[PDB]
Amino acid sequence: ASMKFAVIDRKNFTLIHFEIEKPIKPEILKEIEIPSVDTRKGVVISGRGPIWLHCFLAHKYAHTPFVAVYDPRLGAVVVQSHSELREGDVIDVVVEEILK
Amino acid sequence: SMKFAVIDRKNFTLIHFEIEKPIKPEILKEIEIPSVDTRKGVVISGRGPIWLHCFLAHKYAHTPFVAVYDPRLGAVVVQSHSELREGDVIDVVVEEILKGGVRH
RNA sequence: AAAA
């Protein structure tokens with residue numbers, strides 16, 4: 001109720017975008033229901049929210065080919081590469097254009 | 001462009017980074033990661049992009065836990081393989097730990 | 001709290 005996920009399918013990743021309605025407390029990490037994804041595709045995590053929410057979510061998709069964190073300045077920065085891409089690679093995605 | 005300060009405690013290693021100027025994602029290919037005592041959890045702290053924080057949290061996932069410093073709260077546990085649970089907050093004040101300047 |  002403080003938080004909601006939009007899950008968008010793309011060829012090479014699933015986009016997971018969160019929207020925080022009101023300021024969250026860390027106790028929420030114990031209660032959050034994470035979106036299920038196609039585990040054969042990497043994940044791009046997007047949203048305006050605390051660094052600890054991002055780190056929590058990135059860890060929760062570590063079992064996928066890669067995890068990329070959305071930077072509105074750049075695209076999605078690969079922060080974990082298990083089976084695909086390299087850390088520091090940028091995926092050319094504009095999340096604002098998908099959501100608008 | 002970015003340097004590390006390693007602060008050894010009994011309960012955790014505090015890794016604090018400092019950025020001299022804006023970094024580019026390419027830096028993640030070049031960064032040398034401080035080695036830690038892997039039998040103690042890690043607290044990550046610093047002023048930098050969310051992707052840097054996520055990159056560092058994953059690089060210390062082989063330790064008992066990874067906590068991310070929030071100046072409003074303390075160190076929020078984002079990963080645990082210890083008594084600590086995700087969403088637990090470690091009472092640290094990094095601003096006070098760093099007073100007087102730490103060599104990076 | 002998308003460069004705590």
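Only four residue types carry charge here, +1 at the Cβ of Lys and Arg and -1 at the Cβ of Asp and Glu. Report the dipole size of chain A about the Cα centre in Debye, rounded to the nearest 20. Mind showing how you got there, number by number?
Numbers: 13 positive and 14 negative charges, 19 e Å.
That gives a dipole near 100 debye.
Exposed loop sites here are trypsin sites (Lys or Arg not before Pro) assigned a DSSP state other than H, G, I, E or B and surrounded by at most 10 other beta carbons within 10 Å; excluding them, the longest clear run of chain B is B:11-38. Counting only other chain Cβ atoms within 10 Å of each residue's Cβ, the peptide B:11-21 averages 0.
Most mobile of B:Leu56, B:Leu28, B:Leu14 per a Gaussian network model of chain B (Cα springs, under 10 Å)? Its mean-square fluctuation being the largest, the pick is B:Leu28. Sequence-distant contacts, meaning Cα pairs under 8 Å at least 6 residues apart, place the relative contact order of chain B at 21 percent.
When the Cα positions of A:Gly88, A:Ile8, B:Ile97 are compared along the charge dipole of the protein assembly as shown, B:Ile97 comes out farthest toward the positive end, with charges on each C-beta of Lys, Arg, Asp and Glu.
As a calculated quantity, the FRET efficiency between A:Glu97 and A:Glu31 at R0 = 35 Å, using C-beta atoms, amounts to about 0.65.
For chain B, the fraction of C-alpha pairs farther apart than 15 angstrom is 60 percent. Other residues with beta-carbon under 13 Å from the beta-carbon of B:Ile50 carry, at +1 per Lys or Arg and -1 per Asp or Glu, a net charge of +1. Loop-located GluC sites (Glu not before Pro) in segment A:32-100 (DSSP state other than H, G, I, E, B) with a sparse environment of at most 15 neighbouring Cβ atoms within 10 Å: A:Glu33, A:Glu84.
Counting only helical runs of four or more DSSP H residues, what would the 222 nm mean residue ellipticity of chain A come to if each run contributes -39,500 (n - 2.57) and the total is spread over all its residues? Mind showing how you got there, number by number?
Details: 2 runs with 15 residues, N = 100.
Calculated mean residue ellipticity at 222 nm is -4000 deg cm²/dmol.
For the protein assembly as shown, the Kirkwood hydrodynamic radius comes to 17.3 Å, computed from all pairs of different C-alpha atoms. For peptide B:54-63, the mean count of partner chain Cβ atoms within 10 Å of a residue's Cβ comes to 5.
Taken together, the values in this text are just the output of simple stated rules run on the coordinates, not laboratory data. Heads up, the Cβs are rebuilt from the backbone with ideal geometry, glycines too, and the neighbour counts pull from every protein chain shown.
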